[PDB]
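Here the structure comes first, spelled out in structure tokens, and everything after it is commentary.
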Amino acid sequence: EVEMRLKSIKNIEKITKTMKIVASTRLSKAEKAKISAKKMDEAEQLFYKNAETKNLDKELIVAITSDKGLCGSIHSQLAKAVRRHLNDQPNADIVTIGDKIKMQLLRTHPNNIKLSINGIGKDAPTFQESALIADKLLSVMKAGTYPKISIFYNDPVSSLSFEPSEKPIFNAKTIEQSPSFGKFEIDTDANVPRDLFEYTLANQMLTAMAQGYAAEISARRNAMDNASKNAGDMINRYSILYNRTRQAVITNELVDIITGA
Amino acid sequence: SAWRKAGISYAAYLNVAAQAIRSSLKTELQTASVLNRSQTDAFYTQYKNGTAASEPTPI
Amino acid sequence: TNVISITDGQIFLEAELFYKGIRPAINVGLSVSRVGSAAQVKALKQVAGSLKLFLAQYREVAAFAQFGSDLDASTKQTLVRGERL
Amino acid sequence: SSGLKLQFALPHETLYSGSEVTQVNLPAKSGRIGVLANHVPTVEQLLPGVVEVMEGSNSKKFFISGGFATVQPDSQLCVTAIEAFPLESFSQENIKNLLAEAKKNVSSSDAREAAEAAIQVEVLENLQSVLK
Amino acid sequence: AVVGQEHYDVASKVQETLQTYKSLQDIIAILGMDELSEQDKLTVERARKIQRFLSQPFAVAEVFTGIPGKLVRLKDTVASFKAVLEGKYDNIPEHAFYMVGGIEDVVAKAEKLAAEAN
Amino acid sequence: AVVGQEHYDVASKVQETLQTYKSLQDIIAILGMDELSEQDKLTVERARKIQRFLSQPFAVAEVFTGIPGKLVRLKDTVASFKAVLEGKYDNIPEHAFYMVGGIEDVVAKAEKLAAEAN
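The structure is reproduced here in structure tokens:
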């Protein structure tokens, strides 16, 4: 049964290599998106720094996960934050994004998930797909009326130094009357506050989804990488056992044949 | 333009503008990600209190 | 070894198959028959010509489903076809 | 910092990042935003027009179909547009005349669909207008 | 036709599940329980519970396990296993499935673990 | 200098394309037949037909298969595989060059089979 173990580990290693190639293919696009998305969000963040855009105070619960079903700690860490939010704010509506986050959000509170959209992590973060997702969110159940909304989003530092970290969003009320919003002026006719809330949600969502897709592609290159290491170690051990077993079998055969003679 | 009355949101308007502006261009400008910008496979099925994901209509 | 070198072939009923519930337990991939369908009623042959290839494909997707993850349309269809067969 | 910095980083592909300029005149929602230098703390949602970003060199003209240009107190114009455009690829004739009219077929849809597509009704005219 | 069609099916399902666990053990160790299917994960969890249900307290083995021995009734055991595969106690504790009698003693052990472990 | 200058040129590609076809054997089944580039998808559409075209019915395997046998020559097969690589018949169907004779014999296989579709 050692031979079947070695060959099955070898097959798992081949499958892991194929998954690594798929990870590279998806990670190229995820990084390509995140590169521009980070700057896009920093553009409106400059305003949120130009005007201290602290939001005070029906409050949604969100998470970051692409269209894959967990990779090491890609879905688990976000699920823990989702359960913590469910405990803290049971009456908090959930935005079920992708599949793994969709399944995790459907797990805790049936009355929280207000949307169930799948396959968000199809490819790189696209501006139009993210924008349409937000516009639907900005139209579903008055998520703009949601006084506060925390984005429990991945913060991949370099490779996997992340969890679904929580951040605030400057909404329609919190944009116009920010304490340092006196710095940047708005127009009564232009209706700045609503548009600033929507666009802040847009930039934050695009940047966060791009970072999360990049981080899960990392989980497809930093969790399967650990699995590839495990397969290498198991394969070396099994190869040692089989090479020793074959040699010992041949030796015992020679010994038996001579001992017969 | 008519985002004020009966659209979806500011993102919907600017995204439709993006789709038209890309349509106001040939292949020598529109990169591959513009295809996913046009081919959006995000399937929106708003759930419910009783976990009623009605229909995953493309976003 | 000598029998498998002299016999017609084998139905190498591996223990995993019989443990996997498939009773009888002809491990189709590990099976072999030198004679083959030429020594068969063609009524069987018309369906076996596809049955063998379907089992072969299922052998090609066994590892992919062993990973327990998604894939393209051909792969998932092959897995469902092989398990059903 | 002297001059005026622009942050034109759209959700598609970031174009400008804090580069100095002499003018970034753009078509705001309430009007024409001709912020040349420094500007003042005020950020406006934008209307489809031309952003002739006058750098220290010539003013590149790109008919941009939307955005918001945050005039940060550091003479930083954070123009988080939705689309990018060249000074040459954003200039064409046939692509700006038939596409909108073919889209007018979509306007034959129901009420909410027409309300959405009313933006596209005049979307392509702006590029052919600002192409010069 | 020996011990019952239901018994034969129960044994067949149990063996299939355990064989699935052994077959997936390689990928489980190499990658982890999360990396595979939720159907596969569910089967693996049920199989682990079943394997942990395989042991029992034997009357003279009380020297080792320390529990007074338990003799599981054949029909009761078959029903218990059919239930456990069918998820009539799939939420009971794993450590409360080892060294007990039938699924009744399993539930009693789960309650005891609810009292002590908490 | 021992097998023919062209025969090594084509085989080098033929070995590489099949190895690339072997290299593309894993990737195509993972995410689909899309990831290939224009040269790669050409190879996937040149080799997976050539690897299928690798087959040939035998002049002695008459009793089982039923397809009359094929016996092209070296000057036939060598330039045959190159034209398959060269794409001069890249429009041939999936089974067009498979289980066939030479390159000139891969033309009729699709042509006679295309009669059923029209």
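These protein sequence lines are chains A, B, C, D, E and F, in that order.
At position 260 of the first sequence (counting the first as 1) the number is 1347 in our numbering, and the numbers step up by one without a gap.
At position 43 of the second sequence (counting the first as 1) the number is 86 in our numbering, and the numbers step up by one without a gap.
At position 52 of the third sequence (counting the first as 1) the number is 46 in our numbering, and the numbers step up by one without a gap.
At position 121 of the fourth sequence (counting the first as 1) the number is 118 in our numbering, and the numbers step up by one without a gap.
At position 22 of the fifth sequence (counting the first as 1) the number is 23 in our numbering, and the numbers step up by one without a gap.
At position 63 of the sixth sequence (counting the first as 1) the number is 64 in our numbering, and the numbers step up by one without a gap.
Backbone N, C-alpha and C fix where the C-beta goes; we use that ideal spot for every residue, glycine too.
Contacts of residue i in chain C (Cβ-Cβ under 8 Å)
i: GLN20 of chain E; result: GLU10, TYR13, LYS14 and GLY15
i: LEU55 of chain E; result: None at all; the shortest Cβ gap to chain C is about 15 Å.
i: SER81 of chain E; result: None at all; the shortest Cβ gap to chain C is about 20 Å.
i: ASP41 of chain E; result: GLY62
Limits of the alpha helix (DSSP H) - the one that residue i falls within
i: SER1095 of chain A; result: 1089 to 1137
i: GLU1303 of chain A; result: 1279 to 1309
i: residue 42 of chain B; result: What is shown of chain B runs 44 to 102, which leaves residue 42 of chain B out entirely.
i: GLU77 of chain C; result: 67 to 78
i: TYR13 of chain C; result: 9 to 13
i: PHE58 of chain C; result: 36 to 61
i: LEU78 of chain B; result: 76 to 81
i: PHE1214 of chain A; result: 1214 to 1224
i: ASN(-4) of chain C; result: -4 to 0
i: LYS1260 of chain A; result: 1259 to 1263
Nonlocal neighbours in the same chain, by C-beta distance under 8 Å from residue i, ignoring five residues either side
i: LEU33 of chain D; result: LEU1, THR19, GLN20, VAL21, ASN22 and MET51
i: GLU95 of chain E; result: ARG49, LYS50 and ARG53
i: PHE1239 of chain A; result: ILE1148, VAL1149, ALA1150, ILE1151, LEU1165, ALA1168, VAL1169, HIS1172, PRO1251, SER1252 and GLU1253
i: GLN1298 of chain A; result: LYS1121, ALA1124, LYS1125, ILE1151, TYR1240, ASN1241, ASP1242 and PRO1243
i: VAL15 of chain E; result: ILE51, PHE82 and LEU86
i: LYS42 of chain F; result: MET34
Proximal chain D residues relative to residue i, where beta-carbon distance stays under 9 Å
i: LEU72 of chain B; result: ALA81, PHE82, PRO83, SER86 and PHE87
Rounded Cβ spacing between residue i and residue j (contact assumed at less than 8 Å)
i: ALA1277 of chain A; j: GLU41 of chain D; result: 6 Å
i: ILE1304 of chain A; j: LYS1097 of chain A; result: Contact doesn't hold; Cβ gap of about 25 Å is too wide.
i: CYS1158 of chain A; j: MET1292 of chain A; result: About 22 Å separates the two Cβ atoms, so there is no contact after all.
i: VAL79 of chain E; j: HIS8 of chain E; result: 5 Å
i: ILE28 of chain F; j: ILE1099 of chain A; result: No, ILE28 of chain F and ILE1099 of chain A are not in contact; Cβ-Cβ is about 18 Å, not under 8 Å.
i: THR94 of chain B; j: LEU1193 of chain A; result: 6 Å
i: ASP1222 of chain A; j: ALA54 of chain B; result: 4 Å
i: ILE31 of chain F; j: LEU73 of chain C; result: Actually they are not in contact, since the Cβ atoms of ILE31 of chain F and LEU73 of chain C sit about 14 Å apart, beyond 8 Å.
Under 8 Å by beta carbon: chain D residues contacting residue i
i: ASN1290 of chain A; result: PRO8 and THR77
i: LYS1126 of chain A; result: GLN4, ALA6, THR11 and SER14
i: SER1246 of chain A; result: Those within 8 Å of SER1246 of chain A in chain D number zero; the least Cβ separation is about 23 Å.
Neighbour list for residue i in chain A, Cβ cutoff strictly below 8 Å
i: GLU63 of chain F; result: Near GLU63 of chain F there are no residues of chain A at all, since even the closest Cβ is about 37 Å away, more than 8 Å.
i: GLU36 of chain F; result: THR1112
i: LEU32 of chain F; result: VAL1109 and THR1112
i: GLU17 of chain D; result: Going along chain A, no residue has its Cβ under 8 Å from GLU17 of chain D, so there is no contact; the nearest lies around 16 Å.
i: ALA57 of chain C; result: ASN1098, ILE1099, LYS1101 and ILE1102
i: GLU41 of chain D; result: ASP1274, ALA1277 and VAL1279
i: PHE59 of chain D; result: Result: empty, since nearest Cβ-Cβ is about 16 Å, beyond 8 Å.
Chain-ordered neighbours of residue i on chain E, where CB pairs are closer than 9 Å
i: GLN34 of chain C; result: Those do not exist, as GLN34 of chain C stays about 30 Å from chain E at its closest Cβ, beyond 9 Å.
i: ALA1314 of chain A; result: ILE28, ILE31, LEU32, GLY33 and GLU36
Run of the beta strand (DSSP E) containing residue i, from where it starts to where it stops
i: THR39 of chain D; result: 39 to 43
i: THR67 of chain D; result: 64 to 69
i: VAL76 of chain D; result: 73 to 76
Cβ-based neighbour list, residue i, same chain, cut-off 7 Å, excluding 5 preceding and 5 following
i: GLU1146 of chain A; result: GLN1176, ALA1179, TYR1233, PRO1234, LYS1235 and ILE1236
i: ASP1144 of chain A; result: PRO1234 and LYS1235
i: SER16 of chain D; result: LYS2, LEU3 and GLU52
i: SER25 of chain C; result: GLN4, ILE5 and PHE6
i: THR1294 of chain A; result: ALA1124, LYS1125, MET1127 and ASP1128
Cross-chain neighbours of residue i in chain A, by beta carbon under 9 Å
i: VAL47 of chain D; result: The contacting residues do not exist; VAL47 of chain D stays about 20 Å from chain A at best.
i: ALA61 of chain B; result: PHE1214, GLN1215 and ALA1218
Sequence-distant residues of the same chain with beta carbon closer than 6 Å to residue i, five excluded per side
i: residue 129 of chain C; result: Since the displayed chain C opens at -5 and closes at 79, residue 129 of chain C lies outside it and no answer follows.
i: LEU121 of chain D; result: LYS93, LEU96 and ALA97
i: residue 130 of chain E; result: An answer regarding residue 130 of chain E cannot be provided, because it is not within the stretch 2 to 119 covered by chain E.
i: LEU49 of chain C; result: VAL22
Chain-ordered neighbours of residue i on chain D, where CB pairs are closer than 7 Å
i: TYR56 of chain B; result: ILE116
Chain A residues whose Cβ lies nearer than 7 Å to that of residue i
i: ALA96 of chain B; result: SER1203
i: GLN69 of chain D; result: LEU1133, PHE1134 and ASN1137
i: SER76 of chain B; result: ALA1211 and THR1213
Residues that residue i contacts on chain E, provided the C-beta gap is smaller than 8 Å
i: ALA1318 of chain A; result: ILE31
i: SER1163 of chain A; result: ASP35
Contact list for residue i against chain B, beta-carbon separation under 7 Å
i: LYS1223 of chain A; result: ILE51, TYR87 and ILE102
Residues that residue i contacts on chain F, provided the C-beta gap is smaller than 7 Å
i: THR1213 of chain A; result: Those do not exist, as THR1213 of chain A stays about 17 Å from chain F at its closest Cβ, beyond 7 Å.
Every unbroken alpha helix (DSSP H) within the stretch 30 to 113 of chain F, with a cutoff of 4 residues, ordered by chain: 39 to 54, 63 to 66 and 75 to 87
Ranges of the beta strand (DSSP E) found wholly within the stretch 1131 to 1212 of chain A, counting only runs of at least 3: 1181 to 1184 and 1200 to 1204
Beta strand (DSSP E) runs contained entirely in the stretch 96 to 126 of chain D, provided each spans 3 or more residues: none
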